[PDB]
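For reference, the structure is listed below as structure tokens.
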Amino acid sequence: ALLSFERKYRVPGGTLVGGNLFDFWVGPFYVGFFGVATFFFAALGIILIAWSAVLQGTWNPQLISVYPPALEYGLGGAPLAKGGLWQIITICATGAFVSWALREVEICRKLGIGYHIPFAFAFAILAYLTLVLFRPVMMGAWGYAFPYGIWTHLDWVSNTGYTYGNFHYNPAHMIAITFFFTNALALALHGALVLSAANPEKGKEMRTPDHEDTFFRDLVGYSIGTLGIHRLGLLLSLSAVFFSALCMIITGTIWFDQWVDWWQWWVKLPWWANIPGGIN
Amino acid sequence: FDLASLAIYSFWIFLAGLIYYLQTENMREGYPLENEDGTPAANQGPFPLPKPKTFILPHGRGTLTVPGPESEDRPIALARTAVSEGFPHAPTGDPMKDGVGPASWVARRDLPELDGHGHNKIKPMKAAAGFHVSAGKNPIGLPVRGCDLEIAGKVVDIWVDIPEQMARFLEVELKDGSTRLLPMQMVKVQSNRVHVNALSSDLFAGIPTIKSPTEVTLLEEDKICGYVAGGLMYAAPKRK
Amino acid sequence: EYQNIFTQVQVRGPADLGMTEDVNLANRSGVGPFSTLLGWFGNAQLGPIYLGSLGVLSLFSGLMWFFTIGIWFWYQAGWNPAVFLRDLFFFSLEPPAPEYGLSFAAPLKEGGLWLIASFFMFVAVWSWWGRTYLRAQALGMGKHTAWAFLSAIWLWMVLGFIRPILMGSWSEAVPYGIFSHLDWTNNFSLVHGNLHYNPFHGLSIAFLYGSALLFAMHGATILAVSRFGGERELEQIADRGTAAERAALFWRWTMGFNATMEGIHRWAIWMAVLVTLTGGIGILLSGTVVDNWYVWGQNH
Ligand code: BCL
Ligand code: BCL
Ligand code: BCL
Ligand SMILES: CC[C@H]1c2cc3[nH]c4c(c3C)C(=O)[C@H](C(=O)OC)c4c3nc(cc4[nH]c(cc(n2)[C@@H]1C)c(C(C)=O)c4C)[C@@H](C)[C@@H]3CCC(=O)OC/C=C(\C)CCC[C@H](C)CCC[C@H](C)CCCC(C)C
Ligand SMILES: COC1=C(OC)C(=O)C(C/C=C(\C)CC/C=C(\C)CC/C=C(\C)CC/C=C(\C)CC/C=C(\C)CC/C=C(\C)CCC=C(C)C)=C(C)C1=O
Ligand SMILES: COC(C)(C)C(=O)C/C=C(\C)CC/C=C(\C)CC/C=C(\C)CCCC/C(C)=C/CC[C@H](C)CC/C=C(\C)CCC=C(C)C
Ligand SMILES: CCCCCCCC/C=C\CCCCCCCC(=O)OC[C@H](O)CO
Ligand SMILES: CCCCCCCCCCCC[N+](C)(C)[O-]
Ligand SMILES: CCCCCCCCCCCC[N+](C)(C)[O-]
Ligand SMILES: CCCCCCCCCCCC[N+](C)(C)[O-]
Ligand SMILES: CCCCCCCCCCCC[N+](C)(C)[O-]
Ligand SMILES: CCCCCCCCCCCC[N+](C)(C)[O-]
Ligand SMILES: CCCCCCCCCCCC[N+](C)(C)[O-]
Ligand SMILES: CCCCCCCCCCCC[N+](C)(C)[O-]
Ligand SMILES: CCCCCCCCCCCC[N+](C)(C)[O-]
Ligand SMILES: [Cl-]
Ligand SMILES: [Fe+3]
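Protein chains in written order, with the deposited numbering: chain L, 1 to 280; chain H, 10 to 249; chain M, 2 to 301.
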């Protein structure tokens, strides 16, 4: 079925591969070549997850956990039950995420819009490959990647974090957090502002964007604008994910001590490093 | 059992209702679903259509109630490719002129969008007292070049969003004297020229014209912006 | 191709003094200078700002909280400027010890000063909340901003007021210090048996991640249809244009469903408030109802 205004947009063209072979829809979903690719990687990835569940001996989704190979395996291949499945599943996931992005690009072309959406989705992919590929490779073993399990992958975060004391002191980790917090702050303010204008007090007529500007100037003395906030939110969210990959690619590769030690270059400067008193 | 287990169960119930509400709220436009022949689709999904809601538009411009009887209010120059559903609909004529596909436009109101005081939100800079170029390259006077590397005209004015103080269109004087509006988001202002990758020099004339030299209506904006974005797909043959 | 991330050409006109409605114009400042810097990304106009009784009260009360923490840091620094900068992030104004319970009789150097600072912060935040309500009311707009703000206040209130009172000790509150309040966060989890296994903590993360997910989707979407004026969302709500249609159809063809121009901002406001809404609940239950989230998790 279509939306009332959808038909005029369902024209042929815009594909990158296969011409008009896969240029059609299944219900709402647009297929395309990379839609077939996505379905293929996805289906194969899930099969291997189900397969790992059989080898594990449980079908409870909260216990299934596909572990990577042991550190002793380095960056070589491992048998399916000893980490090979994690390796193949990782390949599938990567193929699915990428295919999903290229499918979005085909949709951008057929609608004549920009490519901002798949470009932003690539940041998320980057962060995934940072944890499962870039960082393990730089450290010399797939075992450093995280396990595919609902709860076992949280323990990996806790184990990996506490290997370096309190991960909070990772300076790149602070910056990323700041963008995540600031982002949710900006997202709440933006949604509230549009709704407050489109849904004014009772007995009031719908507000204008000038009211939005005026509200935020009255509140904090500056309005970024209807275009600037969407730019801002795109940049707060991508920057949050950027410094997240950054704060991990450096951990265990160029930094090995506890992250609180990284802050000693400020404490211990030979001039004030000896002045008695204070915390230090 | 305990106060924690009850709180987490109460929340999941609350969240299921919230998704329900959020989803029905996002069905006030474009629903009910249609078959490709315009008739209502048998399968409308598990979420029901929301109950109408009314906006009182400012400046005495009526009231919008959504959802309501939908209508394109314009002819669509497309024909089916297949008996079965889910396949493209091919343009029957010129898609850029017929305004279909990436060249689509919505039959919005033939009235300019107004600011909070009732004045035209978008005005040419030559009619905007005090406005000027404060930073960046001033494109006025520069030649406008299409994707075929031919010159189609020169910039003669900028249409600005006054309440936002933002350039929205370039007014380009064609070789025949007339002018056309170019979305600011589709042009590339350079040191010596303005380059439009979306259209070829001989496709600028096809850009829909406006009926008043000092104002542009919402309908005209949609026709202008659609046509230009449609060039990316339909003007590609002669794109160097 | 042009991406519309930074303005290509800036235009400047007479300053926009803003809508009047029922705003008391006596409390509006003059217009500030234009910032060509900010013009590349957003609007270049600074001001005017509204400064009433709540604004003054909040601003003054806020500066007292800042100054109360300040003199304490200088005191820990031995009044030495060099030591002050060296150990700036390590200074901390801690709440009273557990032995004082919920009493205010703690001397200034054993948490009494923390209680004073917390008072000024309480008056600053709540007077600022009342500010976001009256500014919306003066212009005739809905109170979505004020209600969205409460969700943040909820977690803030739990962390240093509601939960300590239920625990029966101000020592359960968070300290004022850059690194100290990070350490307090770390110990809070260890004491309560791993907050990863607090379900309201996991939900809070899902909405934090979900906020970055949604805003990247929405920001990217609006820039992708800015070539159709998509960022003018209020008029796209009143009169659907090709911008809103292409934006909706992109996500329909991608993941099977879509939003409207208005509806997406209800997804947004809820995705964001649920962060601090679920979070405040998780913390409130920690220690009052559940002492160990991991152990509590194994029975459920
Ligand atoms: C005990 C644990 C340690 C700690 C150790 C770590 C470690 C270790 C790591 C982090 C990382 C992060 N930490 Mg830390 N951290 C702690 C405390 C905190 C606190 C806090 C308040 O205390 C905060 C706010 C944070 C915040 C964060 C973020 C900056 C970051 C995670 C987001 C991210 O990278 O997303 C990026 C997003 C993704 C990776 C998702 C990608 C999704 C893919 C592309 C698509 C999925 C498709 C899906 C399968 C399809 C299914 C379809 C279905 C229909 C749904 N940490 C403590 C001190 N932290 C992580 C990081 O930076 O990672 C890069 C990380 O590895
Ligand atoms: C990002 C930094 C760390 C990390 C740290 C944490 C921490 C810490 C927490 C989570 C939490 C979650 N993480 Mg994790 N997580 C990482 C990488 C991943 C990846 C990935 C492919 O890279 C995935 C798919 C997930 C998935 C998930 C969900 C089970 C859950 C909620 C996330 C959410 O709503 O996000 C925002 C996304 C959306 C709102 C969209 C909907 C997405 C849904 C929820 C994803 C379902 C995935 C499904 C269970 C697995 C794939 C299914 C396949 C078909 C087989 N994590 C890395 C290693 N993650 C929280 C939790 O409760 O865990 C139990 C939690 O507390
Ligand atoms: C060792 C550390 C622990 C841990 C301990 C905690 C604790 C403890 C807490 C969190 C909390 C949070 N954690 Mg955790 N967390 C860990 C691991 C993680 C990981 C991860 C990848 O492993 C992630 C992604 C997270 C993520 C998160 C967030 C979802 C959540 C914060 C909500 C928020 O927006 O707060 C930021 C927003 C606020 C604090 C609101 C404040 C609003 C106030 C009113 C504004 C003040 C204005 C001020 C006065 C003005 C200053 C200056 C201005 C210029 C005027 N945690 C591990 C397991 N985490 C919180 C939570 O809710 O948990 C359920 C919390 O309290
Ligand atoms: C980069 C900024 C933020 C962001 C942006 C972002 N995400 C995006 C997009 C954008 C712009 C999309 O356009 C795209 C989309 O379509 O969203 C609706 C997407 C998307 N972000 C998603 C999830 C997601 N994003 C996240 C984060 C973020 N996304 C960032 C914070 C997170 C987390 C953990 O924070 C998650 C969970 C998806 C809903 C969607 C992409 C869907 C996709 O790629 O589909 C193809 C793949 C499949 C259908 C399934 C493949 C299955 C595999 C073969 C096997 C399983 C692999 C996996 C390793 C299992 C591990 C599970 C355990 C860890 C529990
Ligand atoms: C302003 O303009 C905007 C809109 O319009 C006006 C919008 O509509 C949206 C979209 C946003 C929403 C609808 C909000 C809700 C979304 C959330 C919370 C994100 C989280 C999303 C989800 C949890 C859903 C994820 C969905 C999927 C992963 C899809 C499932 C995949 C399937 C079924 C397979 C894909 C199919 C194919 C590849 C084709 C089939 C292939 C064959 C071979 C048969 C945004 C951002 C926007 O700015
Ligand atoms: C030159 O420098 C000078 C001296 C000028 C300075 O001023 C320098 C000063 C600074 C640099 C200060 C820097 C500030 C910080 C490092 C503070 C950092 C703050 C945090 C990490 C946030 C912690 C806040 C969390 C808490 C614990 C909040 C408590 C709020 C409560 C809800 C209020 C509780 C109320 C109480 C106890 C009673 C009040 C009365 C009632 C009726 C409720
Ligand atoms: C230079 C003085 C400014 C002081 C700043 C105070 C601190 C705010 C911090 C973070 C939140 C981000 C704010 C931006 C969110 C704006 C919400 C929105 O949607 O604004 C669109 C536009 O303003 C409607 O016309
Ligand atoms: C389809 C492109 C995929 C590129 C990156 C995929 C990540 C693979 C990680 C596991 C590799 C296992 N290996 C090479 C030992 O078989
Ligand atoms: C190699 C990192 C991951 C690559 C995955 C592919 C992402 C989709 C392509 C982005 C489309 C946007 N743009 C402007 C590049 O065309
Ligand atoms: C028995 C304890 C029940 C606790 C319930 C917790 C979840 C309810 C959340 C509802 C929030 C509604 N509200 C008012 C913020 O819109
Ligand atoms: C399936 C039972 C659902 C019970 C919980 C109902 C959730 C209400 C959702 C909030 C309504 C939105 N509103 C009107 C407050 O903006
Ligand atoms: C976190 C995402 C929330 C779940 C998504 C809910 C979408 C359900 C509605 C899909 C049906 C839409 N349809 C076919 C009627 O147009
Ligand atoms: C704990 C507070 C969280 C609830 C926030 C939900 C915001 C949506 C409701 C806005 C209602 C605005 N109104 C009608 C009063 O103007
Ligand atoms: C407002 C959008 C709603 C999105 C809902 C996303 C649900 C994420 C589920 C995370 C699982 C949390 N838990 C309780 C298992 O720890
Ligand atoms: C987090 C998992 C839930 C997300 C599911 C999203 C819904 C998929 C598309 C629904 C519409 C499909 N349908 C019914 C038209 O065939
Ligand atoms: Cl005020
Ligand atoms: Fe928006």
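A virtual CB, placed ideally from N, CA and C, is assigned to each residue, including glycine.
For residue 175 of chain H, return the contacting residues in chain M, with the cut-off set at a CB-CB distance below 9 Å.
-> From the beta-carbon of residue 175 of chain H, the residues of chain M found nearer than 9 Å are 8, 11, 12 and 44.
Is residue 232 of chain M close to chain L, meaning its C-beta is less than 8 Å from at least one C-beta of that chain?
-> Residue 232 of chain M counts as touching chain L.
What are the boundary residues of the alpha helix (DSSP H) that includes residue 184 of chain M?
-> Start and end: 181-192.
Please name the residue or residues paired with residue 132 of chain H in a DSSP beta bridge.
-> Bridge partners of residue 132 of chain H: H:169.
Anything in chain H within Cβ reach of residue 156 of chain L, meaning under 9 Å, just list it in chain order.
-> Going along chain H, no residue has its Cβ under 9 Å from residue 156 of chain L, so there is no contact; the nearest lies around 24 Å.
Do residue 95 of chain H and residue 210 of chain L have their CB atoms nearer than 8 Å?
-> The answer is no: Cβ separation not under 8 Å.
Residue nearest to residue 93 of chain H in terms of C-alpha spacing, selected from H:45, H:30 and H:171 = Comparing Cα positions, the closest option is H:45.
Taking C-beta to C-beta, are residue 288 of chain M and residue 168 of chain M nearer than 8 Å?
-> Cβ distance < 8 Å, so residue 288 of chain M and residue 168 of chain M count as in contact.
Taking the C-alpha atoms as reference points, what is the distance between residue 83 of chain L and residue 73 of chain L?
-> Approximately 9 Å, taken between the alpha carbons.
Where residue 232 of chain L and residue 132 of chain L are concerned, what is the direct C-alpha to C-alpha distance, given to the nearest angstrom?
-> Those two C-alpha atoms are separated by around 29 Å.
Taking only beta-carbon atoms, is residue 25 of chain L less than 8 Å away from chain M?
-> At a cut-off of 8 Å between beta-carbon atoms, residue 25 of chain L makes contact with chain M.
How far does the alpha helix (DSSP H) with residue 253 of chain M in it reach, from first residue to last?
-> That run of the alpha helix (DSSP H) goes 243-256.
Apart from the five residues on each side of it in sequence, which residues of its chain come closer than 8 Å, Cβ to Cβ, to residue 37 of chain H?
-> Beyond the five residues adjoining it in sequence on each side, residue 37 of chain H comes within less than 8 Å, by CB distance, of 59, 62, 75 and 76 in the same chain, given in chain order.
Per-residue burial, residue 57 of chain H [other beta carbons within 10 Å of its own, 16 or more giving buried] = Classification of residue 57 of chain H: exposed, given that the 10 Å Cβ count is below 16.
Check each candidate in M:12, M:218 and M:6 and name the one with the smallest Cα separation from residue 178 of chain H.
-> Considering only M:12, M:218 and M:6, the residue with the shortest C-alpha distance to residue 178 of chain H is M:12.
Span of the beta strand (DSSP E), counted from its first residue to its last, around residue 253 of chain H | Shown here, chain H extends from 10 to 249; a query on residue 253 of chain H therefore has no answer.
Pick out whichever of L:241, L:171, L:198 and L:183 has its Cα sitting closest to the Cα of residue 262 of chain L.
-> Taking each of L:241, L:171, L:198 and L:183 in turn and checking the Cα distance to residue 262 of chain L, the smallest one comes out for L:171.
Where residue 35 of chain M falls: helix, strand or coil (DSSP) = Here residue 35 of chain M sits in strand by DSSP.
Cβ neighbour criterion (16 or more within 10 Å) applied to residue 303 of chain M = Residue 303 of chain M is absent from the model: chain M starts at 2 and stops at 301.
Who are the near neighbours of residue 102 of chain L in its chain, counting only those whose CB is closer than 6 Å to its CB and skipping five residues on each side?
-> Counting only Cβ-Cβ distances below 6 Å, and skipping sequence neighbours, we find 34.
Between residue 202 of chain H and residue 151 of chain H, what straight-line distance do the alpha-carbon atoms span, to the nearest angstrom?
-> Distance between the alpha carbons of residue 202 of chain H and residue 151 of chain H is about 5 Å.
Listed by chain order, chain H residues near residue 111 of chain L by CB distance under 7 Å = Taking a Cβ-Cβ cut-off of 7 Å, the neighbours of residue 111 of chain L in chain H comprise 111, given in sequence order.
Check: residue 225 of chain L C-beta below 7 Å from any heavy atom of ligand 7 = Yes - ligand 7 has a heavy atom lying nearer than 7 Å to the Cβ of residue 225 of chain L.
Residue 15 of chain H, buried or exposed, once every other Cβ within 10 Å from all chains shown has been counted against 16 = The residue in question, residue 15 of chain H, is exposed, as its Cβ has fewer than 16 Cβ neighbours within 10 Å.
Please determine if the stretch 205-213 of chain M and the stretch 140-149 of chain M are in contact, where contact requires at least 3 C-beta pairs separated by less than 8 Å.
-> Contact between the stretch 205-213 of chain M and the stretch 140-149 of chain M is absent: fewer than 3 CB-CB pairs across the two stretches fall below 8 Å.
Terminal residues of the alpha helix (DSSP H) in which residue 241 of chain L lies = Where residue 241 of chain L is concerned, the enclosing alpha helix (DSSP H) starts and stops at 226-249.
Using 10 angstroms around the beta-carbon of residue 49 of chain H, count the other beta-carbons present and answer buried if the total reaches 16, otherwise exposed.
-> Residue 49 of chain H sits exposed, since fewer than 16 C-beta atoms from the chains shown fall within 10 Å of its C-beta.
Starting from residue 275 of chain L, find everything on chain M with Cβ-Cβ shorter than 8 Å and list it in chain order.
-> One finds 81, 83, 84 and 87 in chain M with Cβ atoms closer than 8 Å to the Cβ of residue 275 of chain L, taken in chain order.
Give me the Cβ distance between residue 6 of chain M and residue 69 of chain M, rounded to the nearest whole Å; I'm assuming they're in contact under 8 Å.
-> Residue 6 of chain M to residue 69 of chain M, Cβ: 42 Å. No contact.
Where do the ends of the alpha helix (DSSP H) carrying residue 180 of chain L lie?
-> Element bounds for residue 180 of chain L: 171-198.
Which residues DSSP lists as bridging residue 322 of chain L, in chain order = Because chain L in this structure spans residues 1 to 280, residue 322 of chain L falls outside the shown range and cannot be described.
Quick one, which of L:90, L:1, L:194 and L:229 has its alpha-carbon nearest residue 29 of chain L's?
-> Closest option to residue 29 of chain L, Cα to Cα, is L:1.
In chain H, which residues lie with their C-beta within 7 Å of the C-beta of residue 301 of chain M?
-> The answer, in chain order, is 14.
Proximity of residue 189 of chain M and residue 234 of chain H at Cβ, strictly below 8 Å | Pairing residue 189 of chain M with residue 234 of chain H gives a Cβ-Cβ distance that is not under 8 Å.
Closer than 8 Å, CB to CB, is residue 33 of chain L near chain H or not?
-> No, no contact with chain H.
Using only alpha-carbon positions, find the residue among H:54, H:47, H:17 and H:42 that is nearest to residue 29 of chain H.
-> If we check each option's Cα against that of residue 29 of chain H, H:54 comes out closest.
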